[PDB]
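Colleague: Sharing an experimental structure here, sequence included.
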Amino acid sequence: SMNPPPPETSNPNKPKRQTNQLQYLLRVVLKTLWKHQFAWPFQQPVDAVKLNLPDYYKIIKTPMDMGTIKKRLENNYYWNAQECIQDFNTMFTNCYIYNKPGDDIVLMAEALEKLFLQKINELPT
Ligand SMILES: COc1cc(C(=O)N2CCC(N3CCN(C)CC3)CC2)ccc1Nc1ncc2c(n1)N(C1CCCC1)c1ccccc1C(=O)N2C
């Protein structure tokens with residue numbers, strides 16, 4: 001099988017706006033995670049063909065990655081911050097579903113998730 005198309009990063013039917021919280025998700029949260037030593041597996045959609053994972057998109061039907069999130073934020077795709085937080089949580093949960101506890105990539109996702117939650121908590125009033 002082919003790869004699926006990547007998640008949409010624009011949608012002409014979906015109202016969109018910029019908010020202070022979404023600006024913070026791009027300029028602080030995404031930027032901090034993107035620069036982390038463990039970011040690289042998450043910077044683009046899973047290429048199941050190149051990785052020889054014919055079952056990845058049989059198991060993972062809601063894919064997400066930080067390249068898609070970065071584009072969504074840059075494109076002002078979202079209406080609210082909780083939508084974008086959900087995209088990060090989908091990305092982490094996918095890793096935990098396909099892999100097993102204690103696997104290398106799971107420890108990498110767990111470290112990024114800890115940092116993600118710290119940066120969200122630091123959002124100033
Ligand atoms: C461009 O994408 C990749 C490149 C590579 C790769 O071989 N390289 C070459 C070495 C590069 N490093 C050079 C040294 N640098 C210090 C770090 C980068 C990193 C990219 C491996 C996996 C890649 N993709 C990938 N994406 C997502 C993965 C995953 N792999 N992995 C790998 C599992 C351990 C690390 C990533 C997965 C493999 C099987 C099942 C699931 C996963 C998974 O859950 N995720 C999140």
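Modeller: Nice, I can see it. Residues are numbered from 1 along each chain as shown.
Colleague: Disregarding residues adjacent in the polypeptide, which is nearest to residue 106?
Modeller: residue 99 (5.0 Å; C-beta to C-beta, 6 or more residues apart in numbering). To be clear about C-beta, it is placed using only N, CA and C from the backbone, and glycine gets the same treatment.
Colleague: Starting from residue 47, give me the distance back to residue 103.
Modeller: Relative to residue 47, residue 103 is positioned 19 Å away (C-beta to C-beta, to the nearest Å).
Colleague: that older thread, unless I'm mixing things up, the residue nearest to residue 106 is touching residue 110, no?
Modeller: No: look at residue 99 against residue 110 with C-beta atoms under 8 Å: they stay out of range, at 10.9 Å.
Colleague: how about the strands in the protein?
Modeller: In the chain, no strands are defined using DSSP state E.
Colleague: where does it come near the ligand, residue by residue?
Modeller: Proximity of the chain to the ligand is confined to 40-42, 46, 51, 53, 95, 98-99, 104-105 under the rule C-beta under 6 Å from any ligand atom.
Colleague: try 5 Å
Modeller: 40-41, 46, 95, 105 (C-beta under 5 Å from any ligand atom).
Colleague: what's the closest non-adjacent residue to residue 109?
Modeller: Residue 109's closest residue in space is residue 95 (C-beta to C-beta, 6+ apart), at 4.2 Å.
Colleague: sorry, back to before: what subset of the residues of the chain next to the ligand is buried?
Modeller: Neighbour counting by 16 or more other C-beta atoms under 10 Å classes 41, 46, 95 among the residues of the chain next to the ligand as buried.
Colleague: The first one and residue 108 touch, don't they?
Modeller: Read it as residue 41. Yes: counting by C-beta under 8 Å, residue 41 does reach residue 108; the two are 6.7 Å apart.
Colleague: do you know how far the residue nearest to residue 109 is from residue 52?
Modeller: 18 Å.
Colleague: before we move on, what about residue 26?
Modeller: 34 Å.
Colleague: Do I have it right that residue 85 meets residue 123?
Modeller: No: with contact defined as C-beta under 8 Å, residue 85 does not reach residue 123; the gap is 10.8 Å.
Colleague: which of these two has more neighbours?
Modeller: residue 85 (17 against 13; other C-beta atoms under 10 Å).
Colleague: Sounds good, over and out.
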